[PDB]
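Notes follow once the structure below has been shown.
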Amino acid sequence: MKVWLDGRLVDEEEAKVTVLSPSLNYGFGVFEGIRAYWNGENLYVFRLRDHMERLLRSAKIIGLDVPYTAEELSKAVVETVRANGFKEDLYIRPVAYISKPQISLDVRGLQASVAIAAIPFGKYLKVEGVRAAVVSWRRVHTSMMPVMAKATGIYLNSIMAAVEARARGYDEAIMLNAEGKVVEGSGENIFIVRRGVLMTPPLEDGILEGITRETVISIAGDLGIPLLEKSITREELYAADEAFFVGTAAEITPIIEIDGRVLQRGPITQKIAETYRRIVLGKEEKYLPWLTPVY
Amino acid sequence: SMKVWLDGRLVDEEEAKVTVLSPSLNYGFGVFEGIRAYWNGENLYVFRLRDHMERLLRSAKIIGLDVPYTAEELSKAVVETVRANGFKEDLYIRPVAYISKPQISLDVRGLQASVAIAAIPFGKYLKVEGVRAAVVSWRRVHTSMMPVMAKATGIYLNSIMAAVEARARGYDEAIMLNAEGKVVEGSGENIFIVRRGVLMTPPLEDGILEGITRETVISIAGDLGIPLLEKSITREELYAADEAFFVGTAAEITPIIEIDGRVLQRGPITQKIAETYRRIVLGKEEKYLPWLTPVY
Amino acid sequence: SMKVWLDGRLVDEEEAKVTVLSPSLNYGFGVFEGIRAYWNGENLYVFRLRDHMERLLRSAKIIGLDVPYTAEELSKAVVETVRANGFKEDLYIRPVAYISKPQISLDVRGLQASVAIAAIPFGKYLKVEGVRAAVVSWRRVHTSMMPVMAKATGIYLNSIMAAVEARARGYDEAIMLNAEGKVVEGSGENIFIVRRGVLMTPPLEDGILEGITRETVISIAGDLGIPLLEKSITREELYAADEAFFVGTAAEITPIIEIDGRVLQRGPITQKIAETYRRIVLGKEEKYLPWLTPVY
Amino acid sequence: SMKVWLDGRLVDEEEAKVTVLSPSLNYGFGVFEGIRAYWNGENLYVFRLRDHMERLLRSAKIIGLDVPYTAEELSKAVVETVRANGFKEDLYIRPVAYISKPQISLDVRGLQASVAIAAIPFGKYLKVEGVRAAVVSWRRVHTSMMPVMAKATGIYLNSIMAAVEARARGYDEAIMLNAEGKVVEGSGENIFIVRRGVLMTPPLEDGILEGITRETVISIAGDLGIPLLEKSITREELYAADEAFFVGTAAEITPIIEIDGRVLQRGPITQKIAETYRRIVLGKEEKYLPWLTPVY
Amino acid sequence: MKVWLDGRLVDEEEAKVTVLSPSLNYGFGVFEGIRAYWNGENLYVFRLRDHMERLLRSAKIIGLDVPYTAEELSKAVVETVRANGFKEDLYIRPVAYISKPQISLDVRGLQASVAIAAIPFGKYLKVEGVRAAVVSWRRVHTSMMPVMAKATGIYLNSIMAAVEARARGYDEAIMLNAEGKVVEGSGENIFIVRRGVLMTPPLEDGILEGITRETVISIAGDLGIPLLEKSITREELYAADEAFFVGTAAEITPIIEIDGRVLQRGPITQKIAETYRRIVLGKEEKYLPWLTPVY
Amino acid sequence: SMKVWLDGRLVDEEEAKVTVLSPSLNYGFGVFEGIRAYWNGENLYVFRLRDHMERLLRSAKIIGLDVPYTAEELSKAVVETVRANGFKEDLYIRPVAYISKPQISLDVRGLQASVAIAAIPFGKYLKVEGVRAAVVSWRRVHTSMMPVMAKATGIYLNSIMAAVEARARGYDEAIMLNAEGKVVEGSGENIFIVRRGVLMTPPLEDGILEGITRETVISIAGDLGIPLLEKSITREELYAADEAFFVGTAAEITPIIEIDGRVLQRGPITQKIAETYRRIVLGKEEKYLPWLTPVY
Ligand SMILES: *Cc1c(COP(=O)(O)O)cnc(C)c1O
Ligand SMILES: *Cc1c(COP(=O)(O)O)cnc(C)c1O
Ligand SMILES: *Cc1c(COP(=O)(O)O)cnc(C)c1O
Ligand SMILES: *Cc1c(COP(=O)(O)O)cnc(C)c1O
Ligand SMILES: *Cc1c(COP(=O)(O)O)cnc(C)c1O
Ligand SMILES: *Cc1c(COP(=O)(O)O)cnc(C)c1O
């Protein structure tokens, strides 16, 4: 019920933007998604700095001036959670946007506001596995929108995918890029396992560089699971020994069906999903530097 | 401070606001319109009001947004909005349809849109005497990725990249090529060239938004005996053009007097079409008076 | 059993078989056709027989398949197959041209095709009252990679991908975009929209098979005074259409009442085209009697 | 005559036929394989049988074809077909999976495939000393349109287009670029170049079929210490290569000595890979004895 | 043996450019091809002004400054032919290029030279019909080079096509554009006949706007042959009742074979080829305004 | 006035000229090189001379030009050329291979190239302290249209469009994206970014020319313990880069201190690599002395 907004905690109901904002009207903003986990002993924010660092990278990429440092945004999160006394699982949404009414597309020199909402949050995707479908919509291409930024207007594309998959009776979309390579869910990175090797599409194929994908790559290297950042085709998805989605909201979600073709809820996925939970729960000493305690 | 219509009710512009958690703000899921009203001394006339509100609702059906108002209801809303502020001068009117619920999930199914209508004084968006335009590096977003024929909010991040690129680098406005490298639009305007006495404008299928100012030019070209072809334009046809201009609601009819440093005359067809458009919007052409909604 | 024509002989349908090592089976090097015959109560009329057989032959020359029969021969062979079976009811007739020799090598030069022609009882392919369609993830196979204008066997793996994708979700049919992102085909049907009183169909160049039902529809539109444009269609124009329908030999004229959840009316143009097509194929339009081949 | 396996029965090759109305014939909905057996003087060894049968099954699941046999079953069925025929010489074995039911409809869901397996005497597919290749006008069919990694029947119309184009001019084989312009395939072969001591082959994602000869070559390179990169190949890198060769079950290891008139040496890497492959398939490499299935 | 060069007639051997010219080194020039026909009574230059007008349009498109008007270039042609006393069929090559040595790619402000050579010339293509082949090379695309200009560096693409077709045992190439639509020969526009309707690809498909194509469109309209400027696919080429190439050098050349598929030497082509010859020969009064007499 | 080598003979630069009818001038059919020599006080050293001349000949084989000289002969020619002018200062050397015959026909088969070599004093092509770069509207020409890995003359019309666009609009240099919109080159330079301590440069397959200055940077990065990845770069990775630089023979190692108005530090890796390159070319690193051809 308290939300941070430009350096102040305000009630939920005052964290609002004019309807003439070019952020609303032109998809001109950036956002982030950050989890905090309650383990019974504390509340820990997962990879806080890395997210706020990417928030600012996203802004720089789309030419939005965010007048806060990653440290002051990081501090604001913790202060936003303390203000509300939350001792439970949360999703945290920072969003950067223009506060002023403006009809002109010329946004040079404008200065973003940032708001930080923390809300109680369970599971995005079914933990025992989802049914996925390749959609008709392709991922917006680097030549038209800067897709490595988590920029707000891009997610129209993501919405068309998420809705198509869902109206068609599946749990989540898979999007192919302009060249036809599997790249992303609607908000998720994607991993396959092919003969004991983990594959995820490289930065250049049009993906957003996920922090949960990054954690997955570290987990792999700890576990000695050979991993490649390599383009994935539909056919390799269809023929996968295992497949899974990753993201802040999704966590580690097995994909047990692609376009009607059943996939094993496999062992590589289970080992990653298990170790990711131990990590966020603060049960792996080595990865404690990524947990920010709130109390 | 102005009154703004918001879901049926007139509120101060300071109250026409939406939660920062709205999937509209966060994920560019909304639609919008641009509509002018013109003061002619006698009355305030809103231009092609019904056509714009029908487009709002087509935009919305294209992106799967549920707007719970009719075109007639929206059109009345604009009239009530301008009146309650007693404006008697030129206005730009912005209808914006968006989700006023906080929602983190991308699954926007089932949600019903809000609609705000702001009417503001305004203004010429472009230099009447003409603009210098650049072909930008950024490609116009493609139909296979976003439904670009909707005036949908998220798509404009593409326009912004364009508009900033042109301006930052010296120019007044961008020209964007499609994925197949044909000329398609400005950043918020449709484009016309005149080649050998023939008007050319990119067709619907190339990636444009179907402009109402575009449509009006096509009617004007017919009144005036100027041949018109909805036909793909290449960057070479731009460079060689005898005349070029932008059109749109804010833009009106704006001559392009330079493309990538190559100079264009402010030409006779452009001026004829600009001149007629002004007659039309000011209520001086009988035939077009059903396009004008009087406010008072 | 029922008799089937195979290389100039009427054989029982159990003998109408081809070695499993044919390069037509193993590499999709064949052509086919789809032809209907309709019983009007007096006689059984085969609809545009010669046009279908001419097109089989164009399909072959396109792919380099050597069909040792003329259009006229194949046309007569149909008429005898129907007669042999004593059919007095609506049929779908399938001419299939393919290699009867076993051959592992991809070098199919100089081989000579066989032709088999089967006539089968057949009602409707899609719901008469209208079908729900989904734009699929599969794009239409591109001209740069196979000769899509030919009705060629190996191409239809793409059509099956699309057809199954749509039906696996309980939609009735697929719509497929071409590589450039424009609507082109159902899995086995040409597509028409109505948009502001104008009938639009993707043009030849977009990657369609040149349907003969399509061609009929184009003649009927002229007869009826309906303005018609062969122009690229986007997904946005489909979503926003006033009406939409599929056409094909098996499909006839089927209204599209849903596309990606967006409802479309079963419209007046589609109805009037459906009703006129029906009267043509039953012999009730005297100008079209030349398209109707009597069997008895 | 020679015996062929058809659905768990050894039949004479004249009975190994399929109705001409199968959707496998009419719509290219099938999968196949190519497997060799080699006579070394002591025994006939089938080369990587189980890997080929595993891949048949992956090909089917990719296309949604229901093959009611396991890899192991099909593997044994091969061994019996060879034995039935008393062959004691080099063979090409063709497993073909396809629908034995007649069906006009594109909805192939839930149908159950038949499998036929033929074993035929077979020498060389391409000149041992090297072949002249042409980059063809036809591009490899794209993943967005068919599932190229599957060895699926309907895809090979594209391969025939390419194969015929090259051979019509008296070249021995085709090279095909993918949609993005990168070298991917011969008509029926994977491609390798040597460029400055490094063996390069297009990668999985580029649109290739994952050849088992390709996979062997990759194991042999590791054995031999030859640095290997799976990276996209341009036409320029082919023209400029130190060496080039095609690989495939039928092709074995064939040097490419001419591409678009540009001469290439019959090189040392290609020779050493060819010689090692030969020794592997004859049972003279003890580490690879697990890839060799004895028939007798 | 006399050639015009920057306002002077010089012998063939002095019409030369430094090897360090950025025109030679970077394909930065424009050119034209113009015929003159000897009819026994005079020598007439076909559509001289229209060609010199396009020369200048080409330069303007690639940003080459040509300091002559179309009229002065037109005059120079006639003066170049008179100087040589030619009374026979000629091809005329105007080429505009940079005279200065320069390694920098920055050609702004440079000022072209123009040279005008007139040479005796027979037939480019076999008058009774050619065998054509679709090539592996695609026409350079409008997004990379301004292909509506007859600019010199572009013709590398054309060369790769012409050579491929020719090394493969055919008479001429057919090039498909980036989208796969038939657009051009290596130096020729292309026409098909489909059920009595003439089709040629539109300006936008990547073609150069040929003057011989334009004459063909006028001839069609005189003859009441219905004509469409419409995209052509390979399949429509394969299934054509007739096909032909047009260009200054090619004239009207039937295409009697495409990729092994025989085409009729048809009647629409013959009527156009016949009327084009009557035209250039000065036997059609109506089209006399396009012939410039030399004597 | 300088002596220039021309087909084996030394002539005054005024005589190193070619007919205006040459298919090289008219149709961009030729190849070229850029090579430096560096005065170090002790001698004049030509840098990577043999490597550049081998590239000339690869360029030529790629475009089908017949250059009738060996790499060794060309390399000697450069040495003889610099000597005959007695230069003892920094030079740019331009070899250019072209057709000295007048030929109107595009069929260039059978013709033999001439080669001229000019050696000229020069010069820094770019601001040592750094350049401002723009992403241009023009796409880098594609492999499916021209053999862009050849340093072929006609391709540069693309570079010129780029270079003029950047410069005309304020900037020092262009950056061009490929057809697939990945970052590929400057107008005559290869590009490097530094992201999180890692050097990145677009790989061979994306459309670059394989620069010798590029190769030298890859060797330098190895000497210096700086990790390097030949890997596609997106415009977002450019914008976010910690450092960026151009490399090429004329360019040397040029920092990029602005990309599309976004400011970059003149960074530490760039400076380290620039510094080493200068040591290398001036004969101060023993290991690289086989790269230096002494003139005297
Ligand atoms: C946010 C996002 C992801 C997931 O990233 P995390 O940092 O792991 O939450 C994946 N793909 C896209 C398109 C996204 O926007
Ligand atoms: C709104 C808009 C136009 C202009 O439409 P009008 O109806 O004339 O105001 C043109 N192009 C784009 C991209 C637009 O959003
Ligand atoms: C056969 C076919 C049609 C319809 O053609 P008709 O002759 O009208 O039956 C349409 N599309 C495709 C892809 C086809 O194969
Ligand atoms: C079968 C095939 C190959 C070669 O695969 P192998 O298993 O090595 O015989 C290569 N390319 C394509 C297109 C194929 O169909
Ligand atoms: C010159 C040219 C033509 C033919 O034009 P004409 O003006 O008829 O000589 C056709 N195509 C291209 C690519 C050309 O350069
Ligand atoms: C010549 C060239 C370079 C630089 O090559 P160097 O061998 O380093 O001089 C880079 N890019 C392009 C396009 C070039 O022509």
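Residues in the structure tokens are named by chain (A, B, ... in the order shown) and by number from 1 within that chain; ligands are numbered from 1 in the order shown.
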
>> With only C-alpha atoms considered, list every residue of chain F at most 9 Å from chain A, as a ChimeraX atom specification.
In response: /F:177,180-182,231-237,239-240,262

>> ligand 2: which residues are within 7 Å, counting only C-alpha atoms and all ligand atoms? Reply as a ChimeraX atom specification.
In response: /B:33-35,151,185-190,208-214,247-250

Export of the given selection (C-alpha atoms) as a PDB file, in the first residue's frame:
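The result, written out as part.pdb:
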ATOM      1  CA  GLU B  33      -6.344   9.210 -31.397  1.00  0.00           C
ATOM      2  CA  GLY B  34      -5.305  12.658 -32.590  1.00  0.00           C
ATOM      3  CA  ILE B  35      -8.247  15.012 -33.579  1.00  0.00           C
ATOM      4  CA  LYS B 151      -2.803   3.476 -33.432  1.00  0.00           C
ATOM      5  CA  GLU B 185       5.934   7.029 -42.973  1.00  0.00           C
ATOM      6  CA  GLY B 186       7.236   9.867 -40.970  1.00  0.00           C
ATOM      7  CA  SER B 187       7.427   9.339 -37.205  1.00  0.00           C
ATOM      8  CA  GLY B 188       3.700  10.505 -36.818  1.00  0.00           C
ATOM      9  CA  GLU B 189       2.776  11.497 -40.431  1.00  0.00           C
ATOM     10  CA  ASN B 190       1.891   9.819 -43.742  1.00  0.00           C
ATOM     11  CA  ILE B 208       1.457   2.653 -42.762  1.00  0.00           C
ATOM     12  CA  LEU B 209      -1.104   3.832 -40.394  1.00  0.00           C
ATOM     13  CA  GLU B 210      -4.132   4.744 -42.573  1.00  0.00           C
ATOM     14  CA  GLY B 211      -4.290   8.437 -41.892  1.00  0.00           C
ATOM     15  CA  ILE B 212      -7.498  10.443 -41.965  1.00  0.00           C
ATOM     16  CA  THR B 213      -5.452  13.382 -43.213  1.00  0.00           C
ATOM     17  CA  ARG B 214      -4.145  10.954 -45.914  1.00  0.00           C
ATOM     18  CA  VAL B 247       0.278  14.816 -43.810  1.00  0.00           C
ATOM     19  CA  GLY B 248      -1.407  14.222 -40.430  1.00  0.00           C
ATOM     20  CA  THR B 249      -3.692  15.638 -37.943  1.00  0.00           C
ATOM     21  CA  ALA B 250      -1.132  17.702 -36.105  1.00  0.00           C
TER      22      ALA B 250
END

>> Distance limit 9 Å, atoms considered: only C-alpha atoms. Which chain F residues sit that close to chain D? Return them as a PyMOL selection string.
In response: chain F and resi 58-59+61-64+142-144+147-150+179-180+204-207

> ligand 5: which residues are within 9 Å, counting only C-alpha atoms and all ligand atoms, as number ranges by chain?
Replying inline: E: 31-35, 50-51, 54, 139, 147-152, 154-155, 158, 183-190, 206-215, 245-251

>> Need the shell around residue 266 in chain F: protein/DNA/RNA residues with any atom at most 10 Å away, counting only C-alpha atoms. Skip same-chain ones fewer than 6 positions apart. Format as a ChimeraX atom specification?
In response: /F:129-131,242-245,254-258

Store the residues picked out above, limited to N, CA, C and O atoms, as an mmCIF file, in the first residue's frame.
data_model
loop_
_atom_site.group_PDB
_atom_site.id
_atom_site.type_symbol
_atom_site.label_atom_id
_atom_site.label_comp_id
_atom_site.auth_asym_id
_atom_site.auth_seq_id
_atom_site.Cartn_x
_atom_site.Cartn_y
_atom_site.Cartn_z
ATOM 1 N N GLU F 129 42.521 10.989 -31.488
ATOM 2 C CA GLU F 129 41.811 11.259 -30.189
ATOM 3 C C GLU F 129 40.400 10.663 -30.170
ATOM 4 O O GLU F 129 39.879 10.389 -29.100
ATOM 5 N N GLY F 130 39.790 10.476 -31.349
ATOM 6 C CA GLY F 130 38.579 9.699 -31.505
ATOM 7 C C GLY F 130 37.604 10.360 -32.479
ATOM 8 O O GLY F 130 37.707 11.558 -32.787
ATOM 9 N N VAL F 131 36.674 9.554 -32.985
ATOM 10 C CA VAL F 131 35.580 9.968 -33.898
ATOM 11 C C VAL F 131 34.156 9.836 -33.330
ATOM 12 O O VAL F 131 33.927 9.043 -32.403
ATOM 13 N N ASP F 242 31.271 -0.426 -23.206
ATOM 14 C CA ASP F 242 32.232 0.378 -22.389
ATOM 15 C C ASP F 242 33.234 1.129 -23.296
ATOM 16 O O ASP F 242 33.595 2.259 -23.002
ATOM 17 N N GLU F 243 33.541 0.584 -24.479
ATOM 18 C CA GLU F 243 34.515 1.267 -25.385
ATOM 19 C C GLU F 243 34.171 0.789 -26.775
ATOM 20 O O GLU F 243 33.598 -0.325 -26.934
ATOM 21 N N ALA F 244 34.503 1.596 -27.781
ATOM 22 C CA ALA F 244 34.367 1.108 -29.174
ATOM 23 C C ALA F 244 35.442 1.729 -30.009
ATOM 24 O O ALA F 244 35.954 2.801 -29.693
ATOM 25 N N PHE F 245 35.888 1.023 -31.031
ATOM 26 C CA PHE F 245 36.895 1.577 -31.948
ATOM 27 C C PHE F 245 36.762 1.017 -33.355
ATOM 28 O O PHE F 245 36.258 -0.158 -33.544
ATOM 29 N N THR F 254 41.292 3.599 -34.235
ATOM 30 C CA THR F 254 40.666 4.895 -34.003
ATOM 31 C C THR F 254 39.603 4.722 -33.001
ATOM 32 O O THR F 254 38.607 4.111 -33.321
ATOM 33 N N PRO F 255 39.732 5.385 -31.829
ATOM 34 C CA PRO F 255 38.664 5.351 -30.848
ATOM 35 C C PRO F 255 37.302 5.919 -31.402
ATOM 36 O O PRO F 255 37.323 6.927 -32.134
ATOM 37 N N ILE F 256 36.160 5.321 -31.009
ATOM 38 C CA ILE F 256 34.876 5.950 -31.260
ATOM 39 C C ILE F 256 34.462 6.558 -29.942
ATOM 40 O O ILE F 256 34.164 5.824 -29.000
ATOM 41 N N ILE F 257 34.389 7.890 -29.887
ATOM 42 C CA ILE F 257 33.915 8.567 -28.673
ATOM 43 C C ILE F 257 32.473 9.047 -28.699
ATOM 44 O O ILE F 257 31.993 9.638 -27.671
ATOM 45 N N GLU F 258 31.739 8.755 -29.755
ATOM 46 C CA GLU F 258 30.294 8.932 -29.704
ATOM 47 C C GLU F 258 29.593 8.068 -30.746
ATOM 48 O O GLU F 258 30.078 7.878 -31.812
#

>> Using DSSP assignments from the backbone, pull out every residue in range 154-250 of chain A that falls under strand (DSSP E) and give it to me as a VMD selection string.
In response: chain A and resid 172 to 176 182 to 184 189 to 194 197 to 200 227 to 229 242 to 247

> Suppose you want the space between atom 7 (O, counted along the ligand's line) of ligand 6 and CA of residue 175 in chain D; what is it in Å?
Replying inline: 29.4 Å

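CA of residue 93 in chain A to CA of residue 23 in chain B spans 11.6 Å [interatomic distance, one decimal].
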
>> For residue 43 in chain C, find every residue with an atom within 9 Å (counting only C-alpha atoms), except residues of its own chain fewer than 2 positions away, and show them as a VMD selection string.
In response: chain C and resid 38 to 41 45 88 to 89 294 to 296

> residue 48 in chain C: which residues within 8 Å, counting only C-alpha atoms, same-chain residues fewer than 2 positions away excluded, as a ChimeraX atom specification?
Replying inline: /C:35,46,50-52,291-293

> Looking only at the backbone, which of the residues in range 51-184 of chain C does DSSP tag as alpha helix (DSSP H), as a VMD selection string?
Replying inline: chain C and resid 51 to 63 71 to 85 156 to 168

May I have the residues within 6 Å of range 252-256 of chain A as a tab-separated table (two decimals) with N, CA, C and O atoms, in the first residue's frame, using only C-alpha atoms and disregarding those fewer than 6 positions away in the same chain?
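So around38.tsv came out as:
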chain	number	residue	atom	x	y	z
A	127	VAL	N	4.23	-24.83	-11.51
A	127	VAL	CA	5.56	-25.29	-11.11
A	127	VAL	C	5.89	-26.67	-11.68
A	127	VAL	O	7.10	-26.93	-12.01
A	129	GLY	N	5.07	-27.89	-14.65
A	129	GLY	CA	5.42	-27.79	-16.10
A	129	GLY	C	4.31	-27.14	-16.88
A	129	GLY	O	3.17	-27.20	-16.51
A	130	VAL	N	4.65	-26.42	-17.92
A	130	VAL	CA	3.65	-25.82	-18.79
A	130	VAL	C	3.63	-26.47	-20.24
A	130	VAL	O	4.55	-27.15	-20.70
A	131	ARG	N	2.50	-26.27	-20.85
A	131	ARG	CA	2.22	-26.52	-22.22
A	131	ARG	C	2.39	-25.20	-22.98
A	131	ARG	O	1.77	-24.18	-22.70
A	243	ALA	N	13.12	-29.23	-21.86
A	243	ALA	CA	13.03	-27.81	-22.15
A	243	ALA	C	12.50	-27.08	-20.94
A	243	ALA	O	11.61	-27.57	-20.29
A	244	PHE	N	12.96	-25.84	-20.73
A	244	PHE	CA	12.37	-25.05	-19.64
A	244	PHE	C	12.47	-23.56	-19.91
A	244	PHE	O	13.36	-23.09	-20.68
A	245	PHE	N	11.55	-22.84	-19.28
A	245	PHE	CA	11.56	-21.38	-19.22
A	245	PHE	C	12.22	-20.88	-17.95
A	245	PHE	O	11.98	-21.51	-16.89
A	246	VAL	N	12.86	-19.70	-18.02
A	246	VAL	CA	13.38	-19.00	-16.83
A	246	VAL	C	12.97	-17.55	-16.85
A	246	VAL	O	12.93	-16.96	-17.94
A	262	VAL	N	4.76	-33.91	-26.35
A	262	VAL	CA	5.02	-34.09	-24.93
A	262	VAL	C	6.50	-34.05	-24.67
A	262	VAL	O	7.24	-34.64	-25.41
A	263	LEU	N	6.95	-33.34	-23.64
A	263	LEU	CA	8.37	-33.40	-23.21
A	263	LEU	C	8.40	-33.91	-21.78
A	263	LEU	O	7.56	-33.56	-20.95
A	264	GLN	N	9.37	-34.80	-21.53
A	264	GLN	CA	9.73	-35.24	-20.22
A	264	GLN	C	9.90	-34.08	-19.26
A	264	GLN	O	10.66	-33.20	-19.56
A	265	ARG	N	9.33	-34.15	-18.07
A	265	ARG	CA	9.76	-33.26	-16.95
A	265	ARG	C	11.15	-33.71	-16.43
A	265	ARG	O	11.21	-34.39	-15.42
A	273	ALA	N	16.14	-26.37	-10.98
A	273	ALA	CA	15.02	-25.73	-10.31
A	273	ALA	C	15.26	-25.83	-8.79
A	273	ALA	O	15.10	-24.87	-8.03

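Minimum atom-to-atom distance to ligand 3, evaluated using only C-alpha atoms and all ligand atoms, belongs to D:105 out of D:105, D:2, D:17, D:200.
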
> Could you pull the residues within 10 Å of residue 227 in chain A, counting only C-alpha atoms, minus those fewer than 2 positions along the same chain, as an NGL selection string?
Replying inline: :A and (191-193 or 196-200 or 216-218 or 220-221 or 224-225 or 229-230)

Output file for the selection above: N, CA and C atoms, as a short mmCIF file (atom, residue, chain, number, x, y, z; two decimals), in the first residue's frame:
data_model
loop_
_atom_site.label_atom_id
_atom_site.label_comp_id
_atom_site.auth_asym_id
_atom_site.auth_seq_id
_atom_site.Cartn_x
_atom_site.Cartn_y
_atom_site.Cartn_z
N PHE A 191 15.43 -22.51 -22.36
CA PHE A 191 16.59 -23.40 -22.36
C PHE A 191 16.14 -24.74 -22.88
N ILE A 192 16.98 -25.38 -23.67
CA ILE A 192 16.69 -26.76 -23.96
C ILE A 192 17.87 -27.59 -23.46
N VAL A 193 17.61 -28.89 -23.38
CA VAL A 193 18.63 -29.90 -23.18
C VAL A 193 18.55 -30.85 -24.36
N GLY A 196 22.23 -34.28 -23.12
CA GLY A 196 23.05 -33.82 -21.99
C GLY A 196 23.69 -32.40 -22.08
N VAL A 197 23.47 -31.68 -23.18
CA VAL A 197 23.96 -30.27 -23.26
C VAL A 197 22.85 -29.22 -23.21
N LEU A 198 23.07 -28.24 -22.37
CA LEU A 198 22.06 -27.22 -22.17
C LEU A 198 22.31 -26.20 -23.32
N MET A 199 21.24 -25.73 -23.98
CA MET A 199 21.35 -24.69 -25.04
C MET A 199 20.40 -23.54 -24.69
N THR A 200 20.84 -22.30 -24.89
CA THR A 200 19.88 -21.15 -24.76
C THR A 200 20.33 -20.22 -25.90
N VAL A 216 21.26 -19.16 -14.23
CA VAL A 216 21.21 -20.55 -14.70
C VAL A 216 22.50 -21.01 -15.29
N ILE A 217 23.17 -20.08 -15.96
CA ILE A 217 24.46 -20.35 -16.56
C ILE A 217 25.51 -20.58 -15.45
N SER A 218 25.47 -19.83 -14.36
CA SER A 218 26.37 -20.02 -13.24
C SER A 218 26.12 -21.42 -12.58
N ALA A 220 24.77 -24.10 -13.92
CA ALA A 220 25.34 -25.07 -14.83
C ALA A 220 26.82 -25.27 -14.64
N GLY A 221 27.59 -24.19 -14.62
CA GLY A 221 29.02 -24.27 -14.47
C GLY A 221 29.39 -24.85 -13.11
N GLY A 224 28.86 -28.59 -13.42
CA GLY A 224 29.54 -29.17 -14.57
C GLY A 224 28.55 -29.66 -15.62
N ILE A 225 27.48 -28.93 -15.88
CA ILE A 225 26.58 -29.29 -17.01
C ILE A 225 27.06 -28.46 -18.22
N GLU A 229 25.61 -21.13 -25.53
CA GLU A 229 24.74 -20.09 -26.02
C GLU A 229 24.69 -20.20 -27.49
N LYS A 230 23.60 -20.80 -28.01
CA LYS A 230 23.48 -21.22 -29.42
C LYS A 230 22.00 -21.13 -29.94
#
